[PDB]
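Novice: Please see the structure below; I have some questions.
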Amino acid sequence: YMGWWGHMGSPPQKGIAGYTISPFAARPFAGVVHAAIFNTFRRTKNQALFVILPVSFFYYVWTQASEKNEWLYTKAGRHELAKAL
Amino acid sequence: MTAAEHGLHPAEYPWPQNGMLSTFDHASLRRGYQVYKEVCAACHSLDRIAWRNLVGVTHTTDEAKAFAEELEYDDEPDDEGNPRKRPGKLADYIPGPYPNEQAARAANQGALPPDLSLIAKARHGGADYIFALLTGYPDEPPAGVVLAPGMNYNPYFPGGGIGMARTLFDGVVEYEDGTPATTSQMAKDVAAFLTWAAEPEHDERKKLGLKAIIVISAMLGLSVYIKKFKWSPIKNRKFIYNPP
Amino acid sequence: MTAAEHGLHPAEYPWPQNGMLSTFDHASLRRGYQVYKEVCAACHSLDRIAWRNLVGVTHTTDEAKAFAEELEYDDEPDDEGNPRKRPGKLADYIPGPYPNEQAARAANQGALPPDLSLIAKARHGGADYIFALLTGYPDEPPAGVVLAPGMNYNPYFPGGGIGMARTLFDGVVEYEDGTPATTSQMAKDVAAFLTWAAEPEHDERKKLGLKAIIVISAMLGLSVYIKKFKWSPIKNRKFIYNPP
Amino acid sequence: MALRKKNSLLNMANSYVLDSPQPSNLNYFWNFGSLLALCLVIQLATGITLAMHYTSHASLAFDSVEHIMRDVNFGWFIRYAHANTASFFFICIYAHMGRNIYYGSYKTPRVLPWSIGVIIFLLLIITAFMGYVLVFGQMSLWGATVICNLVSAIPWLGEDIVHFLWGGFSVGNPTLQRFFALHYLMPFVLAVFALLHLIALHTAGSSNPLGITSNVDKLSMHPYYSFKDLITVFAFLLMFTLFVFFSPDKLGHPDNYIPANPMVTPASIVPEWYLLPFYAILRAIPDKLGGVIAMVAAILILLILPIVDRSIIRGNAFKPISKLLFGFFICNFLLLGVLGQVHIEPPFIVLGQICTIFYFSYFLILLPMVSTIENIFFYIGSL
Amino acid sequence: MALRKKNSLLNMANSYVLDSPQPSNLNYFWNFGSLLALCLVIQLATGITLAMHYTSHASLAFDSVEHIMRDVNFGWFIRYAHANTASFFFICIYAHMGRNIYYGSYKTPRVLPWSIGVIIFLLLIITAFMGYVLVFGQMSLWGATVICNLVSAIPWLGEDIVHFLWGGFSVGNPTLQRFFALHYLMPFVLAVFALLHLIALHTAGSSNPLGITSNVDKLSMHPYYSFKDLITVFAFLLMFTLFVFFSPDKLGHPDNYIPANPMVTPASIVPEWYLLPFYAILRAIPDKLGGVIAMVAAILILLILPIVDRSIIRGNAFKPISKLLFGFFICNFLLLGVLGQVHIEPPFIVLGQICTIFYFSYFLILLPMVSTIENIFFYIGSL
Amino acid sequence: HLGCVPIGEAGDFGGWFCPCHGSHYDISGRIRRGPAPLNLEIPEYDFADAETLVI
Ligand code: HEC
Ligand code: HEC
Ligand code: HEM
Ligand code: HEM
Ligand code: HEM
Ligand code: HEM
Ligand code: FES
């Protein structure tokens, strides 16, 4: 499923003209400030829910479990600990 | 587990060596050696440290040779194969108070005082734990605690009952630099000294780390410029499609 | 080099163990242990051999336990950490006559008697060299030889002057099996025993080697048949050429 | 013809590092492969150097490590580099495997590099476990004891196998000397399998974040990915520097600075952090043999991803529900890690069981269901 | 298409061991390559097993070898197998190199496999030398001392390099521990170079005893050469058996059963037999640096055989004068071996110098002259 | 010569006599008779005190 240069396995290409300029002719950091602020914000905003939802859920589960565990091993939690074992 | 079974967590004290760019205070290291030698060394060994290790850290070559030369160490047997002793040399290790574990336990009501050469790395908390433990013996155990015989209450020690009694009291040591030897001062110095004993490369390591951080950061910045420079023909590529 | 600098080469004696299929004579091994124990062990150690090693080779479990139990070995310290002794066990190594090299040399006019556990492998000649050396002290050194002080003439020893005097004389040992203990008999037995001490796997090794030789030979023969069988179409190939 | 193409030896290197045709759109998560190669090179260089100073005998092992720290020039650095790079190796391998799962790198035609990859991961675990024993501190000994006793669960012959592994009746000198020899060997085996998974990959080439063919638009590996790899190399070296020089023991257990003592048992015997999720899975099953099987199955179940993913599309870039499920699976894997080092107490016992069920149900239920439904939504939604 | 051809991993094995097209007329001297592979496999298996029981610390090394002989189950066999197979490895490598020189395997187009082969031979020497030191008997120590002091001849920095190699001011514990680590590593490096010389060879294929192309008449490697290799494998195993089980110490030095003692010097310090010709060459030159250069040149001069052989025909099968010269060269090499272990006394001092001149003049004078004249005799003689 | 240790006080120049091939060293440890080519090498030594030398 992959060939090599000259016979890579692409379907026939026709009709596309491609253009580019030399690395010495270009400014490598052109538009960097716009990218760093606006592009990153767009990309991050669109992925935020997929990170926030599972992270917030599993952090909450952990927080509840760790606080209960802590409370069961205090004096106040003696009775509830006895039942839990 | 109950908090008592864990032990109370020591405070974070501001040690001189805390700080990416900070060395030990060597004057504190020297004073801490003196607390080790006059208090701890009665029960605790420091077996990983040789006299040469003190030289240019806490002591000059001559001071350390003098400490070594006051002791006797086992020599090679004489010509009839009978045992002999020699005076100590800089290559010799600092000798411990007891010949074996059994002797150590017999002198400490069954408890074995650990070797202190790695203790700052072998306990959670490091210098802070050593400082907290040495200064944290309350006059009276909290009401209701029943100590086993030969145990002392110390909240920092897991379970609360430690076989080591309080040993640092105001003026047990007379420092040679005129520093007031209060319990807190002695605990701070000896904790610093023990931290040095556990990690004697500390000062050099952090300086080499500063050099590495600087070089690696500059190389990271330049590698970004170079990657962007080389990639710009691909990033900037444009197409015109005319469907055949 | 002079022949004297090399030492005279020992004869090839017909040992029972010479022979692809031959074990040691275990009765000779047992007698040789008794010569070791009563003569050699005054100056020479056998440190690589434990009491358990004798069991089922020269002695029963009970005999070897009895030899071990007659000796005292260092135990772990007692509860006050003071040294203690225990009786020997089968796991213990046979103890040597001297505490260190310096003591050994002092007892032997400066010479150090080697440990005998590997001596049969550590000398050209093996059992033959040990036999030749022990039986090869002439009554008088050849005219003109000047021995250094504390040296004895023995032609098998390189240079001729050995620090070990003759030790085997008719009837120094009384064998427990009634064998006449002549110099030659004792030398033969102790050389056999020392050969066993150097290579205790000898008997098993040669029997496993017999099994391997047989299997490998059969496999070699069959591999020839199979190679010829598979190659015959290539070997038998014929051509008719008609030039185009 | 250029020499790099004509000469067969040069041409092999050329095919992998220079003319190798890559997709033009690999993102930074395709950089973990070269980071893993870097970790392997660092571990070989530091590990062989430590072997020049380390003594495998139980009477001297722990002290030989202290001699390395104290007397050998730069020994502290070589030791800390080796110990920290073991953690970095696992961070990079989890990242590389997470990349592979998110982007569908396990799907045809890349089942073979993925399946060999799962064996690489097993070899890394064994390698790291044996290396940790070599210090012969308290965690070294007690970790070896409890992990090697899991083999006792194998029916009939289990106890015999354990005594055979130990070379005696408990973890001791024979076990330490054999772990040294195997710890030295296993990285070479690991390098061979790493090479095998790349040769297997070379038939399809790298996948790419869009999940489509890149046969339409290829870039040479060099100079593009060479220079893009340098960025993450220097980022990695910055993280390496912060741990090795400024916090060398942050990732370790203080008990490993106490010499092994078969009499005293440490308060809590846990594996190194990177093994913790598998330990939580084992705890979840009450049966000994059950637990061992579950723990092994948790790794071998990666082999069925090619089957249980029923999607007609490779990778998650365009699959919102699959991306949510993947997010939950990853966070659950981190929670399992945390639960691997808590005490066996309420309420973490039940929580560990629920997380274990979630872990397995991802492979067996959720991914097959979600991938089926998304197939239908793509078809109907675009009609 | 058959799976062995279609799958890229299987196809690599297939290309080397199964469908690999071989000349149909290889004689039994083409069997040393597979014997060398067998020796390498035995040395890896026995060596890794010895490493599980050996302790590299100078206070325990010699005794750990005695523990292997005495206490480890079958330890005597594993130790004797490892020590004897080191000698067999050199017998097979000299046979393989002799085959290559007689049949012109170094000529185009096989210069690259031959040149990598010369490095394989250097790595085998280093590997074997370091392994011999590990016993830490008298020959171990004194051989290490004398051989490592040859580096002192390097001008300006030589002494510093020696102290750096030793890790101190004499051969001692630091040297032994580093030799252990390098002795374990070097066989893996050797296996890689062995693989490289085969991949380089695969472009031309094996040469054959007639020296002509075999492209006209090929046979699959399997089953023909597989079954022909079994014959020499079983012949080798018979020789192995006779030494390992019936005469395990015939090839060794008794002084290596005495523990290293830096005070007492052994009567004669010689290398293992397979290094003896190179030691005779070194003794022949009176200058220290001269001697070291000559000794290294004696191996590196193999790299010029492709140039100094001016024959238009590959190999010696049809060249009576070249066959006589080759016979003298081989016997001279064996005499150099013998002279490597005699005492430095008359008349062996001068004899060693004459044999050394003959050794070098084969490459520099005789083979270029004889191969030139035989070219003319073939042309004129067949007109 | 080869590298045995000479027995001191013995000899013929009453310094050191190597028993191996019979080479005689002097009270300076100079070679006088026998196969040995050179005088016994001198290490690098300094008198730190008048009662102790370091080598
Ligand atoms: C006369 C006895 C004695 C003196 C003096 C002494 N110790 Fe100890 N120390 C012990 C004993 C006994 C233990 C073991 C206690 C136990 O395990 O219950 C111990 C334990 C410790 C521990 C380890 C506690 C732990 O977490 O395991 C540290 C740290 C310590 N000592 C430091 C010091 C320092 C620092 C000094 C003095 C400056 C000191 N000790 C003086 C007897 C002593
Ligand atoms: C009382 C002293 C003494 C007794 C008894 C003794 N030896 Fe020795 N033996 C020595 C000394 C001393 C040497 C060292 C001689 C030397 O190196 O010059 C030695 C050396 C040897 C050597 C090695 C010679 C060599 O090649 O280096 C062998 C073998 C040997 N003894 C065996 C025996 C056996 C077998 C017995 C008795 C059955 C025996 N010895 C009894 C003192 C003794
Ligand atoms: C994938 C490669 C490797 C990994 C993941 C790895 C992992 C580890 C780990 C976790 C340890 C314990 C470190 C500590 O806490 O002190 C260790 C120790 C060790 N490793 Fe490795 N290792 C690898 C390769 C090697 C190699 C190739 C060698 C070659 C011998 C080696 C030699 C050692 C030695 C001698 C130790 C013990 C000394 C010490 O603890 O630092 N390692 N290794
Ligand atoms: C020593 C450990 C490893 C090394 C050095 C390594 C190295 C690499 C490299 C360099 C690549 C190509 C570049 C890249 O995509 O990042 C790659 C691709 C891959 N690796 Fe690994 N790898 C290792 C472990 C693993 C593991 C554990 C797995 C799977 C469980 C794996 C599965 C894959 C797959 C599927 C690909 C193809 C991904 C794609 O391009 O779509 N590898 N690896
Ligand atoms: C080309 C492969 C090898 C060769 C030629 C070789 C050669 C040698 C030699 C000559 C010795 C001295 C043997 C003796 O007289 O006792 C030796 C010892 C040793 N070798 Fe190797 N060896 C090789 C591979 C290995 C490997 C891969 C290991 C893995 C660690 C290894 C481990 C050892 C050990 C531990 C010893 C010392 C114990 C002993 O002497 O038997 N060797 N080797
Ligand atoms: C570990 C050591 C070695 C191994 C396992 C090895 C293995 C092999 C094998 C299997 C072959 C193909 C079959 C054959 O002709 O016997 C071969 C061919 C060859 N080897 Fe080696 N080899 C080793 C060392 C060397 C050395 C030291 C040299 C050269 C100095 C060398 C030069 C060659 C050459 C030139 C060929 C091609 C000969 C031909 O077929 O005409 N090899 N080797
Ligand atoms: S060894 Fe000193 S005289 Fe020959």
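Protein chains in written order, with the deposited numbering: chain S, 9 to 93; chain O, 85 to 328; chain D, 85 to 328; chain N, 1 to 383; chain C, 1 to 383; chain P, 170 to 224.
Note that CB positions come from ideal geometry on N, CA and C, so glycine has one too.
(1) Tell me whether residue 156(D) sits in a helix, a strand or coil according to DSSP, three-state version.
(2) Would you call the CB atoms of residue 317(N) and residue 103(N) closer than 9 Å?
(3) For ligand 7, which residues count as neighbours when the test is a C-beta closer than 7 Å to any heavy atom?
(4) Under 8 Å between beta-carbons, which chain S residues line up against residue 327(O)? List them in chain order, please.
(5) For residue 48(C), go through chain N and note every residue whose CB falls closer than 9 Å to its CB, in chain order.
(6) DSSP state of residue 236(D), grouped into three classes?
(7) What residues in the region 7-33 of chain C have a beta carbon less than 8 Å from any beta carbon of chain D?
(8) Taking the alpha helix (DSSP H) that residue 113(N) falls in, what are its first and last residues?
(9) For residue 237(D) and residue 263(D), I'd like the C-alpha separation in whole angstroms.
(10) Would residue 269(N) pass as a contact of residue 139(N) if the rule is Cβ separation under 9 Å?
(11) Let me check you understand the geometry: is the CB of residue 47(N) closer than 8 Å to at least one non-hydrogen atom of ligand 3?
(12) Does any C-beta atom of chain C lie closer than 9 Å to the C-beta of residue 234(D)?
(13) Could you compute how far the alpha carbon of residue 178(D) sits from the alpha carbon of residue 114(D)?
(14) Does DSSP put residue 37(S) in a helix, in a strand, or in coil?
(15) So which residues of chain C does residue 178(N) contact, with C-beta pairs closer than 7 Å?
(16) Anyone know if the C-beta pair for residue 330(C) and residue 375(C) falls short of 9 Å?
(17) Closer than 9 Å, Cβ to Cβ, to anything on chain O: give me those residues from the region 149-182 of chain D, in chain order.
(18) Is it the case that the CB of residue 117(C) approaches a heavy atom of ligand 6 more closely than 8 Å?
(19) Taking a Cβ distance cut-off of 8 Å, strictly less, list which residues of the region 245-274 of chain C are near chain P, in chain order.
(20) Excluding five sequence neighbours on each side, which residues of the same chain lie with their C-beta closer than 8 Å to the C-beta of residue 249(D)?
(21) With a CB to CB cut of under 8 Å and the five nearest residues on each side skipped, what residues in its chain are close to residue 354(D)?
(22) How many Å lie between residue 204(C) and residue 211(C) at the Cα?
(23) Is the Cβ of residue 60(C) closer than 9 Å to any Cβ of chain N?
(24) Between the beta-carbon of residue 143(O) and the beta-carbon of residue 200(O), is there less than 9 Å?
(25) Tell me whether residue 134(O) sits in a helix, a strand or coil according to DSSP, three-state version.
(26) Let's test the definition: count the other Cβ atoms within 10 Å of the Cβ of residue 382(C) and tell me whether it reaches 16, buried, or not, exposed.
(27) Roughly how many angstroms separate the alpha carbons of residue 308(O) and residue 241(N), rounded to a whole number?
(28) What is the rounded straight-line gap between the Cα of residue 184(C) and the Cα of residue 89(C)?
(29) Could you check if residue 256(N) belongs to the surroundings of ligand 3, using beta carbon to heavy atom distance under 8 Å?
(30) Return the Cβ separation of residue 194(D) and residue 234(D) in integer angstroms, given the expectation that the two are a contact with Cβ distance under 8 Å.
(31) Please identify the residue among 120(D), 88(D), 85(D), 87(D) whose C-alpha is closest to the C-alpha of residue 279(D).
(32) Sort out for me which residues DSSP pairs residue 186(P) with in a bridge.
(33) So what's residue 245(D) in DSSP terms, helix, strand or just coil?
(34) Is the region 351-366 of chain N touching the region 121-128 of chain N, taking contact as three or more C-beta pairs under 8 Å?
(35) Starting from residue 202(P) and walking both ways along the beta strand (DSSP E), at which residues does that stretch end?
(36) Distance, Cα to Cα, residue 105(N) vs residue 167(N)?
Specialist: Result, derived from the coordinates:
(1) Residue 156(D) sits in a strand when the DSSP states are folded into three classes.
(2) The answer is yes: Cβ separation under 9 Å.
(3) Listed by chain position, these are 170(P), 171(P), 172(P), 173(P), 175(P), 187(P), 189(P), 190(P), 191(P), 192(P), 203(P), 204(P), 205(P).
(4) Neighbours of residue 327(O) on chain S, chain order: 23.
(5) Residues of chain N whose Cβ lies closer than 9 Å to the Cβ of residue 48(C) are, in chain order, 181, 182, 184, 185.
(6) DSSP, reduced to helix, strand and coil, places residue 236(D) within a strand of the structure shown.
(7) Answer set for the region 7-33 of chain C: 24.
(8) Looking at the DSSP string, the run of the alpha helix (DSSP H) that includes residue 113(N) is 111-133.
(9) Approximately 29 Å between the Cα atoms of the pair.
(10) Contact flag set, yes.
(11) Yes, Cβ of residue 47(N) sits closer than 8 Å to a heavy atom of ligand 3.
(12) It does not: the Cβ of residue 234(D) has no partner Cβ on chain C nearer than 9 Å.
(13) C-alpha separation (whole angstroms): 15 Å.
(14) Residue state, collapsed to three classes: coil.
(15) Residues of chain C passing the Cβ test: 52.
(16) In this structure, residue 375(C) does not lie closer than 9 Å to residue 330(C) by Cβ.
(17) Those would be 160, 161, 162, 163, 164, 165, 166, 182, in chain order.
(18) Annotation for residue 117(C) indicates a beta carbon within 8 Å of some heavy atom of ligand 6.
(19) Among the residues of the region 245-274 of chain C, those with a Cβ less than 8 Å away from any Cβ of chain P are 263, 265, in the order of the chain.
(20) Only 221, 236 meet the Cβ criterion.
(21) The structure shown does not extend to residue 354(D), since chain D is modelled only from 85 through 328, so no value can be given for it.
(22) Between residue 204(C) and residue 211(C), the C-alpha separation is close to 13 Å.
(23) By this cut-off, residue 60(C) is an interface position.
(24) The Cβ atoms of residue 143(O) and residue 200(O) lie no closer than 9 Å to each other.
(25) Reduced to three states, the DSSP call for residue 134(O) is strand.
(26) Result: exposed.
(27) Answer to the nearest angstrom: the Cα atoms are 19 Å apart.
(28) Taking the CA atoms as reference points, residue 184(C) sits about 16 Å from residue 89(C).
(29) Flag set: Cβ of residue 256(N) near ligand 3.
(30) With a Cβ gap of about 7 Å, residue 194(D) and residue 234(D) count as contacting.
(31) It is 120(D).
(32) Checking the DSSP bridge columns, you'll see residue 186(P) partnered with 176(P), 193(P).
(33) In this structure, residue 245(D) counts as strand in the three-state DSSP scheme.
(34) As far as the Cβ criterion goes, the region 351-366 of chain N does not touch the region 121-128 of chain N, which means the pair count is below three.
(35) The continuous beta strand (DSSP E) containing residue 202(P) extends over residues 200-202.
(36) In a straight line, the C-alpha of residue 105(N) is about 42 Å away from that of residue 167(N).
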